[PDB]
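Given next are the chains, with one letter for each unit.
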Amino acid sequence: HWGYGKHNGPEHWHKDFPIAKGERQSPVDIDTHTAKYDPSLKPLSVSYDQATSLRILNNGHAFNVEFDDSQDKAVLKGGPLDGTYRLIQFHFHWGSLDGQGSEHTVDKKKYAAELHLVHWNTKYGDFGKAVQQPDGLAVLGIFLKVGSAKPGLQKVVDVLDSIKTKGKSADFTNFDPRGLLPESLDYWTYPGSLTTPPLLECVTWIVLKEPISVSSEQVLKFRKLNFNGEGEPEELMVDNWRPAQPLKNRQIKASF
Ligand SMILES: [Hg+2]
Ligand SMILES: [Zn+2]
């Protein structure tokens, strides 16, 4: 099916998912000199104290750390957002080398990776209903650069040996996503879409300005993952990122 290679990569996705060429597609380039400080943006609230992780899954495209979202335990509100958005999962996109991997770019600059923390508008009852809505989803994007290790990422790094191939899952409880946040919550925001099929245009994007740094050895373990399922030829899970899409008639706002 859809993937990241020459023959099923993002340049092909439009054939199964015509909205690929839609009016509010993600990711985009963040032109810092075109983005406008928005004084009407309320402060951003990230409440991950009571977050309940359940498991980690390799879905043949990335890995998802999944959360119990049957209660308001880890929530996003404030900033551009109306009401409450509930954390369902996080995942990353990364490159084969450090000079690429992010989905969003800043002044055309690509980071080594990007973390996405995916939240759904509790107004819509469940994730499935929210992805039928222009304001159903809120994704918090955080860039990764290679430098010093990120201590609160290592529990993730160490579990990856056990979910090497498509469809493998491991138990993954008591993971604290607060360990992945940078010091600053400064951000850019714009209306967009999922960056993976079915590319639904339901997302308010909140991209933090301040990246987190991870070690070369942390990003390397990411790169030992497999796109393929157990017992198949080895395709390293790398370059699982969609490139910047046309901005069209959209405005990126700054919180700062
Ligand atoms: Hg939508
Ligand atoms: Zn993503």
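Residues numbered from 1 in each chain as written, not as in the entry; some residues may be left out. Chains lettered and ligands numbered in written order. Heavy atoms only, no water.

## A closer look at the pairing of strand β7 (residues 85-94)
Most of β7 is tucked away, with ten of its ten residues classed as buried. Bridge count between strand β5 (residues 63-67) and β7: two bridges; the pairing is antiparallel. Within β7, the position partnered with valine 65 by the bridge is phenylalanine 90. Note that strand β6 (residues 75-79) and β7 share two bridges and pair antiparallel. Bridge pairing links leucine 76 to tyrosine 85 in β7. Hairpin connection, β6 to β7: the antiparallel pair is bridged by five residues, and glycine 83 has positive phi, about 75°. Sheet topology note: the β7/strand β9 (residues 113-121) ladder contains nine bridges and is antiparallel. Counted as the bridge partner of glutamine 89 is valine 118 from β9. (Buried < 20%, exposed > 50% of the residue type's maximum accessible area, 1.4 Å probe, protein only. Helix = DSSP H or I, 4+ residues; strand = E, 2+ residues; numbered from the N terminus. Pairing = 2+ DSSP bridges.)

## Remarks on the side chain of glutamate 103
Relative to the helices and strands, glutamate 103 is located in the loop between β7 and β8 (105-106). Within the buried set, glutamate 103 has no salt-bridge partner at all; the shortest N-O distance to an opposite charge, 7.1 Å, is to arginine 242. In terms of polar contacts, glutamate 103 uses its side chain to reach the side chain of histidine 93, at 3.4 Å. There is a polar contact of 2.5 Å between the side chain of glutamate 103 and the side chain of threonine 195. (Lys, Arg positive; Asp, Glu negative; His and termini not counted. Salt bridge = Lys/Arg side-chain N within 4 Å of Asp/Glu carboxyl O. Polar contact = N/O pair within 3.5 Å; in protein donor to acceptor, adjacent residues only side chain to side chain.)

## A few points about the nonpolar core
Ranked by internal contacts, the top residues of the largest apolar core, which has 51 residues, are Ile56, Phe63, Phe90, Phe92, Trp94 and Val156. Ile30, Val106, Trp120 and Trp188 belong to the second-largest nonpolar core, a separate cluster that totals 23 residues. (Core = buried A, V, L, I, M, F, W, Y, C linked by side-chain atoms within 4.5 Å.)

## Some thoughts on the coordination of the zinc ion (ligand 2)
Around the zinc ion (ligand 2), the protein contributes the donor atoms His91 (NE2), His93 (NE2) and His116 (ND1), which lie 1.9 to 2.1 Å from the metal centre. Mapping the donors of the zinc ion (ligand 2) onto the primary sequence gives the spacing H-x1-H-x22-H. One end of the pair, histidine 91, is in strand β7; the other, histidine 116, is in strand β9, with 25 residues separating them in the sequence. Assessed through its relative accessible area of 11%, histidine 91 is described here as buried. (Donors = N, O, S within 2.8 Å, 3.2 Å for Na, K, Ca; no water.)

## Overview of unusual backbone geometry
In this chain, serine 26 is followed by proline 27 through a cis amide linkage whose omega measures 0°. As for its position among the elements, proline 27 is in the segment before β1 (29-30). Of note, the bond from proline 197 into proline 198 is cis; its omega dihedral lies within 30 degrees of zero at 10°. Turning to its location among the elements, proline 198 is positioned in the loop between β12 (187-192) and β13 (203-208).

## Thoughts on the layout of surface pockets
Space inside the largest pocket adds up to approximately 400 Å³. Residue lining of the largest pocket: 23 residues in total, with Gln89, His91, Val118, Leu194 and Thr196 positioned closest to the centre. Breaking the lining of the largest pocket down by element, the ones donating at least two residues are β5, β7 and β9. Ranked by the residues each element gives to the lining of the largest pocket, the list is headed by β7, at four residues. The class makeup of the residues in the lining of the largest pocket is twelve nonpolar, ten polar and one charged. The volume enclosed by the second largest pocket comes to roughly 220 Å³. Lining the second largest pocket we find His1, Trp2, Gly3, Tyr4, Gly5, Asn8, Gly60, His61, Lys166, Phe227 and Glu235. Of the residues that constitute the lining of the second largest pocket, the class distribution is three nonpolar, six polar and two charged. (1 Å grid on protein atoms, 1.4 Å probe; cavity = no way out; pocket = protein on both sides within 12 Å on 5 of 7 lines; lining within 4 Å. Points joined across faces, edges and corners; volume = space filled by probe spheres on them. Nonpolar A, V, L, I, M, F, W, Y, C, P; charged D, E, K, R; others polar.)

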